[PDB]
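Structure at a glance
Below, each chain spelled out in residue letters.
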Amino acid sequence: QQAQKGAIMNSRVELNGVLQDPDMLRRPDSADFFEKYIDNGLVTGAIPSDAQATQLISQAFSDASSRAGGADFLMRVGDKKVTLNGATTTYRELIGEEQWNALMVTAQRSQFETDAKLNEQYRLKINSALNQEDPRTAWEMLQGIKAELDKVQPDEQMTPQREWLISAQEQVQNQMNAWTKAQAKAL
Amino acid sequence: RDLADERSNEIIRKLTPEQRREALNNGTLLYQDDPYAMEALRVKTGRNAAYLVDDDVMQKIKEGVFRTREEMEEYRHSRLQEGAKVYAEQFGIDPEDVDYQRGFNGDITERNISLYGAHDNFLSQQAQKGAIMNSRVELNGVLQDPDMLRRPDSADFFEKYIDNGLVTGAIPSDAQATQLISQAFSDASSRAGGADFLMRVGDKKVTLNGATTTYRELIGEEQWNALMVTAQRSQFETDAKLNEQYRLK
Amino acid sequence: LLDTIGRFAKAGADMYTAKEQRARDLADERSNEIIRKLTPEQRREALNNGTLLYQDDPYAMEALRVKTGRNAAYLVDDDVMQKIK
Amino acid sequence: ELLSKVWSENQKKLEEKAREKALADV
Amino acid sequence: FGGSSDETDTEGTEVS
Amino acid sequence: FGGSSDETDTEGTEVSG
Amino acid sequence: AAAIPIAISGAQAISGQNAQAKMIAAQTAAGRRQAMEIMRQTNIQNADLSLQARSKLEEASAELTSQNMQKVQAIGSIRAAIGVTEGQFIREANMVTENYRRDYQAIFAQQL
Amino acid sequence: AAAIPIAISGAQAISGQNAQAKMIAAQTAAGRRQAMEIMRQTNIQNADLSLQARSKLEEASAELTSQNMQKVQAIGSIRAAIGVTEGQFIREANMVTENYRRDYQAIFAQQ
Amino acid sequence: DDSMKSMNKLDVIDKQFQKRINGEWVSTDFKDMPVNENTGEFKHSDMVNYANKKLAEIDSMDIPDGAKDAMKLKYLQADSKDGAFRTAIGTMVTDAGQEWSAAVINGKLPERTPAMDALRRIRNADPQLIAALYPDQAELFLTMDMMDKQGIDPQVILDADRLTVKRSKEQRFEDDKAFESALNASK
Amino acid sequence: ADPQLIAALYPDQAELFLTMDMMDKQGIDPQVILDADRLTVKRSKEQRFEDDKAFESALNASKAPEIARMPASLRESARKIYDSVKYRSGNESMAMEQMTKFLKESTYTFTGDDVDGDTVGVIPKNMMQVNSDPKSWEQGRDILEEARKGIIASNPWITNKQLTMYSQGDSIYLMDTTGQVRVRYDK
């Protein structure tokens, strides 16, 4: 029992360490890894019970269908052969077909929610710069955001991030003009 | 005892993987008596021992603590040994087996690449903060004086200083150079000397990532107008304040 | 010279990185010599990225040390001046 | 609303004239 | 203090 | 964080028999 | 000499800040030990477990997962699953020297 | 001799005055240490420093800036950027001797 | 699907409220909200949803907290008086008042005083409008002024409120008659 | 899990529910409620006449949509809460605040989207509830507000001030000032 507890803990740690990272989920090597890992765990003797192997498979699929890159991983791994019981089936057949649809829909929703949240964060930064007390500070923050974009995505243009950044630049120019008017009026 | 276990393992190895597996799910086979499965368990446990406690803790200490590489090396060696022993004793494995040690060194080289590179990044960040705050100190000491701003060489000083920082390697990154330039311009525009200083730095040129251009064009033209207006207001306000102190006397 | 005396002074014993310390000094010199082989524009480009790493850049670290020393001197003399006045 | 309206009108005209004068001086 | 505060001006909420 | 929680489903009562 | 007691108290405060930086590590170690207790006490047999058992298992696994080296765990596990000399090759692929310093000759090959 | 304890208390008060003149220097040193602690904690990179990051950076720099020799530091920075023998040249420019005492012979050139 | 539609229509409401702030006196009725066929049918829940998310965003920006309070006032100036910003800020006011009443009943002030702190911030932004839109909590506003503007100990006020819990019915009428006399005799 | 339904099913225990709500959701110490109960609720019956008249008086002088137009079952629940808080504290203001808090938590006040078409009706929150989820009262609210808008738009002669929303025993009635238009919404 102690050895089986340790084996299950090791398998869980490795597998969820791989599958709770959307960056690792998004690579094709993720699906290849999952297939080969379940296979090796079966053959070596790790994942001792076919029952515990099914538990691990279901929980890994649940974890993937909660991350950003999970849906891609599920598309790739759906047609991967596996042998839990005497018969051999794909993960699409091992998992219920309705359960596969549920996994697919929840993974799609997780992807949409993650992308929406990232856009919320980016536009939060843009608007936080736009609502500065001193518009010159707003210009400084906008130039910093421009530096970050120019790091991550230098080659492309007219991406939604870039369009928001350009609109922010124009708005900060309008703030420049209004600030000039205010300071002259104060003088 | 290992020899008795080894002769048992030789007995069991005569079984094919599938019949071994179905013995494993039945009570016929004990898990610790499966040699391949137990070797996998010890390898995975040793790998997790090396990785988890030792190295995540190492990385956490690294991000904030480790002054130099040598300190990191000795701390890492000590924690590696201690964590190996403790993580093994928490499990059923005893930390003297070939498989456990092989797992503990399973990805030593790539762990080392990550850890040393992270410490190198830490030192890089420390050096960049040091240089940036030194540059802040110098430019603050210059531009925060209304007297120093009024010298006819303050603007040429500013252009030469920014150029020297760019070429020598101080003021690292053109982005932080823009931040420094803009903050310097705001400080000058607030310090009763920004009118002359800004008229004189207007035609001076600065070489950023995009191209070489004058400071007037690097700054927004509307932003340049805002800077000049607020600098004139600062001039007038300081004049009125000193005038008011004299009148009060 | 100074390396050995510093090693003896800082720690009583068990410092095994002495020849390794000299080797690291040699490696630092070689890295600096490689970096000087870059044009200033190329050096600035590498510095802008994660390439140059900014601690191996000899010019930037030299400036860093010089300005840090000058500022430290001015801080100490600031204390002395405040006492004088 | 009416008070804000008259104030905004007067403030806008004053701000325009002041900015014109300040930019002329600069 | 040599530093002169900039005028506080009325601000309108802006969104990209 | 990385994980996104699944939105709630209306609870219903079921029996095997 | 009212400077000395307050200076000692401030130094003790910084030492207590170091103590806090050590408390974080000590409490991480305590959490890992408690997860070990969870793993040992909890029954895995029959694979038929309650929500309490499954939650305890998940908490133990999460506390035995490395967070700082997570991506390194994942890439190493993938490399092991898919498939001296190997270390040299992968350190060359990272443009890093044997002392684990950056190899700028390979990095700046294009710019000579 | 009640005059002796009151004299002792008065001397203690003088010692406490000097002590306050010592705690002001101690406070300056503590401010410098806490500013460098700010330097260590804050992150100046990504060019996207939070507003608190900017405030902390600015205040830490202001702490490490020297107020009393602010002018001579500034003029030294200008001299370094723009451009024995140099030292004696600026001493003669300042009409001061080798021992850093006023060189009246140079000052009173007309006489 | 609802996340997509809500994400689209909260943006529509944000544009409409921005127009409202800028002076373009526009409606806040969800039926007058424009529908772009990716929006939906503007159920009334999305208005309170937008107000809550906007207040969280304002609290989440990187601006100085004074500007946060200023924008909260700006978004509360500009509602239908049925508006969800009015309802949310009034909820804040009533929750702070409930917290004070709980303190009075308990005989001691709680720790961390969350609602009290939030209302203190939004009221130090502008006491007059907050008092005007919420006249009922005049005693609470006076209590906050006593505690922070003046130096009065919260414990003393708290004990005074705890002891003065006998309305006595007739005492109320005598209070009325004394108050009317105090006014018509004030000069 | 669901406060309003439990309160509705057991009206006699309204005082117990109030004490539990004060102990759990509000920050009130159990001990102070205990010794407030044990202490002075002694005046009996002869002043309970004046207590009844004072409850009706406080309802008459309320000038609050929830108290002026208090729905039928919430009348008895609110009378119990008002009486209990008055007995325990003696303060009439505390009783009014508690009873108002209960009514606002347990009802939604439909308001005319006008300059003043305000308070078209206060409907108990459980009557608008669809399905067993207590939070789903909002779906019924959206349906009812769409019904109000449709009735206004369909019949031009009805204006926003003409509609009245009120609840009978098991129904919600939406009618104009005349009797010509009544639509009945039941659970």
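- Method of structure determination, per the deposited record: cryo-EM was used for this entry, reaching 3.0 Å resolution.

1. Some points on helix α4 (residues 84–106) of chain I
Residue and element names in this part refer to chain I.
- Relative to the 33 Å expected for 23 residues at 1.5 Å per residue, α4 spans 32 Å between its end C-alpha atoms, a close match to the ideal helical length.
- Burial analysis of α4 places 17 of its 23 residues in the buried class, the great majority of the element.
- Two residues or fewer after α4 comes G107, characterised by a positive phi angle close to 80 degrees.

2. Points about the sheet that holds strand β4 (residues 171–175) of chain J
Residues and elements named next belong to chain J.
- With respect to topology, 3 strands assemble into an open sheet ordered β3-β4-β5, the strand pairing being antiparallel. Only two strands of the sheet have a single partner each, and these edge strands are β3 (164–167) and β5 (182–186). Strand-to-strand twist in this sheet, taken as the mean axis angle between neighbours without regard to direction, amounts to 20 degrees.
- As defined by bridge partners, β3 adjoins β4 across 4 bridges and the pair is classed as antiparallel. Of the residues in β4, the one forming a bridge with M165 is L174.

3. Notes on the nonpolar core
- Counting residues in hydrophobic clusters, the biggest one holds 67 residues, and the most contacted among them are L119 and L140 of chain I together with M99 of chain J.
- Tallying contributions element by element places α4 of chain I first for this core, with 11 residues.
- Not counting the four nearest positions on each side in its chain, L119 of chain I is found in contact with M92, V93, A96, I130, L140, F141 and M144 of chain I.
- Counting residues in each nonpolar core, the second largest holds 48 residues, with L143, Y215 and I219 of chain B together with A74 of chain H among its members.

4. Regarding the pattern of salt bridges
- Tallying each qualifying case throughout the model produces 60 salt bridges over all chains.
- One salt bridge connects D6 of chain E with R136 of chain A, and the closest N-O pair in it is separated by 2.4 Å.
- For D6 of chain E, a relative accessible area of 22% puts it in the partly exposed group.
- The salt bridge involving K86 of chain J is made with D51 of chain J; its shortest N-O contact spans 3.1 Å.

5. Structural notes on the interface of chain B and chain A
- Contacts between the two partners involve 36 residues from chain B and, on the opposite side, 33 residues from chain A.
- Per-residue buried area on chain B facing chain A is highest for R21, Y31 and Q223 of chain B; these three make up 23% of the total on that side.
- The interface formed by chain B and chain A includes 2 salt bridges.
- For the salt bridge of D50 of chain A with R21 of chain B, the shortest nitrogen-to-oxygen distance reads 3.5 Å.
- Our enumeration of links across chain B and chain A arrives at 13 residue pairs in polar contact.
- Sorting the residues of the side of chain B that touches chain A by element identifies α2 (17–25), α3 (35–64), α9 (174–189) and α12 (221–248) of chain B as the ones contributing at least two each.
- When residues of the side of chain B that touches chain A are assigned to their parent elements, the largest contribution, 10 residues, is made by α12 of chain B.
- Of the residues that constitute the side of chain B that touches chain A, the class distribution is 16 nonpolar, 13 polar and 7 charged.

Definitions and cut-offs
Along every chain, residues receive numbers from 1 upward following the written sequence, which is not necessarily the numbering found in the entry; those without coordinates are excluded from display. Chain labels run from A onward and ligand labels from 1 onward, assigned in the order the entries are written. For these chains, which sit within a larger assembly, all listed values pertain solely to the part presented. With hydrogens and water set aside, each side-chain value is computed from the structure's full complement of heavy atoms. To qualify as a helix, a DSSP run of H or I must reach at least 4 residues; to qualify as a strand, a run of E must reach at least 2; elements of each kind are numbered from the N terminus. By definition here, a helix of n residues has an expected span of 1.5 Å times n minus one. Between buried and exposed lies partly exposed: a residue is buried under 20% and exposed over 50% of the maximum accessible area for its type, with that area taken using a 1.4 Å probe on protein chains only. A pair of strands is treated as paired once DSSP finds two or more bridges between them. As a rule, the C-alpha atoms of each element are fitted with a line to give its axis, helices using only the stretch in contact, and angles between N-to-C directions run from 0 to 180 degrees. The term nonpolar core refers to a set of buried residues drawn from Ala, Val, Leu, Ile, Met, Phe, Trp, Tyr and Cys, joined through side-chain atoms within 4.5 Å. The criterion used for residue contact is that any of the two residues' heavy atoms lie within 4.5 Å. In the sections that follow, a salt bridge refers to a side-chain nitrogen of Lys or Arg positioned within 4 Å of a carboxyl oxygen of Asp or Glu. The term buried area denotes the loss of accessible surface (1.4 Å probe radius) that occurs when two parts are joined, taken as the sum for both partners. Polar contacts, as used here, are pairs of N or O atoms within 3.5 Å; protein pairs need one atom able to donate a hydrogen and one able to accept it. Residues neighboring in sequence count only if both atoms are side-chain atoms. For this classification, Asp, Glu, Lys and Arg are treated as charged, while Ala, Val, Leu, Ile, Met, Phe, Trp, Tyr, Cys and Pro are nonpolar and the rest, including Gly, are polar.

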